[PDB]
Every structure is written in structure tokens, then in C-alpha cells.
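Taken one at a time, structure 1 and structure 2 that follow are two forms of one protein chain, written as C-alpha cells.
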Structure 1
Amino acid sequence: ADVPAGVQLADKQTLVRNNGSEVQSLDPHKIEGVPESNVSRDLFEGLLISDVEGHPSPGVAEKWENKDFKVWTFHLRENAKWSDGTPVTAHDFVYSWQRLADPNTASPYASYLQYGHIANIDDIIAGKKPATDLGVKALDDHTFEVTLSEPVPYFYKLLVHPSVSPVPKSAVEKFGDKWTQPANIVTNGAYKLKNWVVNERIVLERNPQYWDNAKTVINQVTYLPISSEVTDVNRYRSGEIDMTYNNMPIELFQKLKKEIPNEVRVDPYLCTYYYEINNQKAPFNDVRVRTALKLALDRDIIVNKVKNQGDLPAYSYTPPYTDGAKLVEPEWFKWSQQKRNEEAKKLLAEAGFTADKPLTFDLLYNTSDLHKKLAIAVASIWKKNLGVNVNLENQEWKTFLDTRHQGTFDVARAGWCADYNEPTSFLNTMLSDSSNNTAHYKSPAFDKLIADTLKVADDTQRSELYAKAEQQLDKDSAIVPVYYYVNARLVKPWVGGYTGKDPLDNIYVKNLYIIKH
């Protein structure tokens, strides 16, 4: 952490955080969502970490270079150590990334290397080559080299994610999957595991072997698993929790910002809330109907009267504050609501749907209060501005996902959050063979612009093709964007070091400190 001149430190440097949900795994190769990544970033550290603005900086790797964006060479600092005091080497990274790639590890994030274009990854993931053919290699103990099959100019931007952090070979071979038990585990991040009582709490304490330990200030952090937003706020207001989880109860929120306005922290966040349209299902396969739904939704109401938390009305999929985005607001976004509604109604009438023979479709959302309150306000805004008939259907999270992949829905509620701060985090999900394309958006013009970003070396010219990819999605009206999330949470005023400036929200407890209070 960097403690400001003049700040007085409390004598107990301990922190309590709400992590919104139990963590299933501490194994980098097995984690999947935000709760597990939160804990993972205090325990393990990969080549690069996110700074205060959410830009890659030095983590294990003290410097790196590339030759054509296709060979990458990371110089690892010499004092990086595991908590048993042994060195972190390049060998740990060669091992780790091979274990992430192996189909037998079945990592939820094995595909993250395919975003990087590591040589032979596709053959590895299909089982056609052994994992030891990945193009990674240890030139010596302190020099790791990654060979790609295509230039990927922003490949370093991916290396902050927890999946690409190293795992200790020694403990992996020897304990197999028991390696992450409090007696076997060995970590290389600022913190180490003191205690893990499942569904109750995870307690980390400083790792004195961490290379940057002289700056760590908090000695112990507790992540709780409170899945109820209300209870989060209450326990926080009782003084047991210093920093809630980032989902704020709509109702409660309004009270909280009246009553404890300096502790309500609201900052931009790299997630977009949208309604995904099933692009392959008539009559949603007609671009005029998709446009109509895009145009008549009134984002203002949603964001300023239903939600009212500072979210920004969206007009694209990638959020405009993504690093490397230079988007243009489309013309339709400036029109008034009335002009939008008049045009949407004309578009529907052309496709054969009027007040007398309305579009009627289902609006699928995953069971939850936020989404249901959104789905209701949206069903009603659409009924009034456009004369359609919308039926609300809710499914449980796993059925919901499976229904979206299967393509048996009309319109669905959806959210996407970047894993790294670069537009292809969002845009790769609409590539026509993507695995995350649950809009069933198939567009060769879109796929070609994205492929061209790999061949452009200038960042500003790269950011021009991303803008065109966004304008192509907009023209196809593949989805309906609603808003860009804000990251809202309660943070005690004695929690120093919280800037709210990293739009990924990659908080490292090593950077906070408790102010005397």
C-alpha cells in the first residue's frame, strides 16, 4: 500500500470484506466467478497485476518485451517467492499454463489461452497434442517466453487474470487436489491462507515471503460469504464489515445515500447490462424488429427511475471507458424518445405487426429481484411505446444459461463483464464461432473486423477497428444495450487506499490500510 504522509494507522490492521457468496475453489485453474477471483488475487500473483487505474503493471514479471507481438519474453524478478520461501521461477509458469491447457484439468478458463493464441493451444484443447507442446518455455529460472501463433499486440493485457497465475508444482504433484487445503497450500501473493471454514469465512494473513511485503500493511483479511444484499448492508452498519460486496439493494440504496453519503462509493465498472435477442429465431431474425426493440426501450427511466444508482445509459456493448475503446454514439441515441418510438412502430408495421396484430414474445430472466424489477419495468415500457405483448418467464441460473445456449428463447436478460481491460474482452463473445455467443449472432463482416485487429500494430488504429465492430453490432441491432454498470459498495471511511479508479474492480488487499479511528 502507499500510506499518505500524515495518515495515522490504526494499531489493528485487519479487514473484513463481503464476498457475496461461498468460494468453491482456491485453485486458480478451477475458479470461475467474481467471488473466487477476489480471494485469488490476494493469494496468487501472476506475471502482471492491475494498477490503480486498471492498467497492467509489474507483478512477478519486472519487465517484458515482444518481437512482433508474437514472441513475448518476461523477465521475472529474482526475489519473488512462494510462502514456503522457495523461488517463483519460469518453471512454475511453464507448468501452470500447461496444467491450465490440459483437457484433463477441465479448467473453466482453459479457453482464456485461446484468446491469447499461444502456439498449439487449439490442438491441445482438442486432445491432439500433449500439453507439453504449448508454446511456453523457461529460458532459465527467471525468463519466461511465450510464443504465439498470430501477433496479439495486447497479449500482456490478459495476464492480470487469476487463471494465468502460477500454481506451486511441488504441492500440485504431491497432494493432487488436496493442495489447496490449509496444510498443503503454498502461495506467492501478498497473503496466505490462515483459515477456510466453508460457507462461513475465509481468513488470509500476510505472506512475509511476498516480494513486496514491506509495503503490505493489512495483516489479516476476512472474506465472508453473505449472499443477501440487505444483510450485507446491515452487518456493515453494525460495524462487523468494512467493505460490502458490490451489489446494492435498490430500495436500501436511496436511504444509504441520504444517511451515510461519504461511505457510498460508486464508480464506473466494466460490465454492460443488455437484453440479448435470439438472432436466429423468427421474427427476431428480421433486423427491423430487432431495431424496433432497441429504439423503443427508454434507458432513462430504467437507469434514473427504476434503478437510480448512477448507471449510464448504454448505446453499445463494450463500455466506452474500456481502455482502448474510442466509440461513436450512434445517431439514434441522440433522438428524442418520441422520434425513437415513432420509428420503431413504423419498423414493426413494415414487418407485419401492428396494434391490431402485435408482436408478442417472451422475456426470459434468471430468478432474482433486480432482474425481475428490470424485466417488469421493461415489459411495461415496451407495451406502452411499441404496443407489443411481452410475457415474463424466470428460470434458475443453470437452466437459464442452458436455455440461452440452446437458443430456445426470444429475448433474454444478460450481463457481460470484462476479464481484462481491452475491447476484445467484450467483442470476442460476438464472434460467430464463439462459445459465449448466446445471441446467435453470425456476422462475417463483424468477424473480419475483429480478425483485422490482430494485424494492426498501432493502438489508435486498433481502436478504430473496435469502433467499427461496435458500429456493425449496432447496425445489426444484435442486442439491446441498457446500461453500463457502476461499481457501488459501502466502504468504511477508515479504509484507506480505495480509489474506485480500476474499472475491472481488481482490488488487492495489499494496497489498502486501516486509518486510525
Structure 2
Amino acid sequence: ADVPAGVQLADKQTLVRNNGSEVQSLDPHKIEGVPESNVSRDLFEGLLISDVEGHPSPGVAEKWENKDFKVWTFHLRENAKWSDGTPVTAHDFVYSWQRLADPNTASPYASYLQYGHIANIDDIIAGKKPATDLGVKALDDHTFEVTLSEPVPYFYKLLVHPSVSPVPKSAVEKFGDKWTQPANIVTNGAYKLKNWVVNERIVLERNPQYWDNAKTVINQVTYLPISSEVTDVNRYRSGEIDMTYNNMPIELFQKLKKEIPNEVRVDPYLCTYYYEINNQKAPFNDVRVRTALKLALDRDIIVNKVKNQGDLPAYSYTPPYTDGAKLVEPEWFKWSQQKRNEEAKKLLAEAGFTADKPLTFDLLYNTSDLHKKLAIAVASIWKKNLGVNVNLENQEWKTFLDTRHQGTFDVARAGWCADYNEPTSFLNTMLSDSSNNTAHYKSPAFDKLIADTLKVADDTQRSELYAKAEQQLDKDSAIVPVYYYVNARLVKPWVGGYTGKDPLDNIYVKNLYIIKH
């Protein structure tokens, strides 16, 4: 936290944040959502961290360097220590990236090492080579060298992600699954876990061993698991919540913007809301059925009339405002909704479904007031526009995630937020063997395009290929893009440090401070 001069801080330096759902885990190797990451950035610190404007900055590494984007050398600060006063060494990173890669860990993010293209990643994941073969090395206790198979200029960018955070050899080996229990956890971020009560709260407290302890202002932070955006908003209104989750209820939003307008933050967010189709199950394995659903959805109504929070209607997976994206708007998007509907009617007919002999399927959503509102609207539009019968089902956040991965669904509400600001953050998720591939989409052609991005002679060449890769997904109608998110949440007047200027929303509680009020 960098407290301005004019600022007169409060006595109690504590914060309460809504975290949207009960997290999958606190183990950095077992998580994949936004909620999990919120908490992780507070507890575990990797090589780099994001500053308040979302730019990669020194974390555990103080300085780093690369030899042609292929060999990267990280110089670890000598004062970095764990929760228990033990130092953070190069060896911690060696062990942690190995465990992430290890097929046994079954991390939903194992593929992250593939995205960075660390030497031998393929075979390890494949199980042909042991994780010990990873192209990572502790040169000495304070030197961590990374060897890649190709030149990746944006490599350092990936490093602020929790999956590449170090984990404690000791606790892990000693307690296994129970290592994250408060009595057993060892952390290296600004905070330590004080308390964890499932479906009630997670309470964090200042970690005095953090190398940057003198700049930490908030002594305690509480994370709540409230999935009802309305409840969040009520409780914030009561004055029990300082910063809500960044999902705003469609019901109250307009109200809010008029009564407490300085507390309503609405910033650009590098996320895409979409309806994911299980690509491997009949009849969704047919591109005509996929395309009809993509086309029959009326983005206009959903974005501008139903929701109405400032999101942008989407035509791609990768948000067009991502660093390095030069996208082409598809022709279907430039049409009239009735033109799209007619087209859509036709594709489905061709596929064998008409309003007389219709298609019926399940639309899965994670429990949420916002998501439920939308799914209803969407099911209505497809009924209206296509004569399809949609059956709504909802699951709990961690169950919802697991279903997606299992492929025991039809169509699901989905969202993907960038982990780094570069097109591959979105694109790598569609790789046939990607651990994050929950569309169950497999395109050799798509694979080859992405693969080619790391074999190019220059940067321009790179971006044309990313535009080509998006055209392919769209061709295949892998998904149904809906909108490009706005980051909209309520922040009490006394919370300092929340700029809203990081499109990744990678907030660190060590960066906020309470003002006298």
C-alpha cells in the first residue's frame, strides 16, 4: 500500500470482501476460478506480482533476465521468507512447478506450464518423462532458471498467476490434503490464514514475515462466499461489506447508480461471458446445431435490455481490447437479428429439428441471481427464435466446475478471464489437450495455428495468426459468445487503493487501506 499524503487512516485496519462462492481449494495447484485466485494472491507470492495498474512487477524475484526469450533467469530476494520464518528459495519453485506438472496432482492448470512452453512439458503431462525432467533449475538458493522449447517474449507475464506460486514442501509432504488447514498452512504472501469456516468465511491476517510487511496496512481481511448478488448488495448496504463481489444484480443496479453512485465502480474487464457447448456429445457435435444456437441468440436484448450494465456484445472468445488482438468481426454479426434467426432456423432444420420435431437440452448455470436472470432470458429467446426446449439446471460453484471438466452437460453458462494480457491467455484454453478445455473442443487446425504463433519470425505475423485462430473457433461455432464484461462492484468510500485500472482485476489486499470515516 502506497498511502498518499493527504490521507488520514482509520484505527481499525480491517476489510470485509464478498468472494462470490466458497472456493474449490486454498492449494494453488488445485484451483481455476476467480474466487480462488482472490484469496491466493493474498497468501502465496510467486516470481512476479501485478502492481495497481496490472503490470508485472517484482514479487519474490527482484530482477530477472532472458537469453533470447528462451532462457529466463530469476534473481530471488534474499529476505523472502515463509510464514514460519524459513526462507523462500529457488528450490521451492523447483519443487512447486514440478508438482504442478505432475499428472498425479491432477491440477486443472497443469496446462499452464505448456502455455509458457517450459522444456519437456509435453512428455511429463503425457507421463513419458518424470516431472523431474522439467526445464526449471535452482542455480543456487536465489537463482531460478527457466528453459523453454521456443522463444516466448511474454513469458514473464504469465508468472503472476497463482498456479505458478510456490507451495511448502514441508507442509505438503507432512499433511497432504490437510496442509491448507489453518493449523498446518505455511504461506509467503502478505497474509496468513487465521480462520476458515466452510460456507461462512475465510479470515486472513498480516504475515509479519512478509518481505514487504512494512508496506502492508490492512491487518485483517475477511472473504465471504455469497453467491446471491442481491444478498451481497444488501449486506454492503447494511454496512457489513466493504467491497462486494464484481457481479451486480440486474434488479438493483439502476437503483444503485442513482442512490450511491460514487460507490458504483464500472471498469473494463478482460473477461468474456459465453454459453459453452459440450463439443463431443450428440447432437452438439454437429456444427449446424452449434451455429444455429450462436446465431439465434439476440445479444442486443441480453446486453442492452436485460442486463444493461455496460457490457459489450461479443462476437469472439478473446476480447478485442486485449493487448495484441487485431480481430475481424464475422459477417453473421453484421447482419440483422431476423437474418441471423432465418439462417439459424435453416441450419437446425437441415440438422433434423423443426418447431414440430424440436431439440431439447439442459442449460447448466452456477447458482447465482445474475446467472439465473440471464439463463431465463436466453432460454426464452432460443424458444422464441428457434423452437428449442431448454431445461434449466443449477449447481454449486465447485460442483459446476467439476461437471464442466467431466463433460456431463449439454450447454453451460461460462466465463473466462485473462491470466495475462495477451491473446494466448484466451486461445490456449481451446487447445485439444488443454487442461482448461471444458468445451471438449478438438481442432487439429486450431492447434496448428496456435502452435505456429511460437514459430513466427516477427510480431505482426503473430497477431494475424491469432485473428486466424479466432476465425476457426467461430467457423466451428465452438461456443456462443454473449458479452465482453465490465468490472462492476460497490466499494465503500473509505477503501483506498482501488483504482479499477487493472483490466485483470488482480487486487492485493496489501495494497488497500482504510481512511478515517
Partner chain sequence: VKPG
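Along the sequence of structure 1, residues get numbers from 1 upward. Rigid core: the largest C-alpha set superposing within 1.5 Å between the two forms.
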item	value
Chain form deposited with its partner chain bound: structure number out of two	2
Hinge residue among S50, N38, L270, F409, where one rigid part swings against the other between structures 1 and 2	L270
Hinge rotation between structures 1 and 2 - smaller rigid part turning relative to the larger, in degrees	24
Distance the CA of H29 travels between structures 1 and 2 [rigid core superposed, Å]	0.3
Angstrom shift of the Cα atom of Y420 between structures 1 and 2 (superposition on rigid core)	1.2
Per-residue CA shift, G387 (Å; core superposed between structures 1 and 2)	12.4
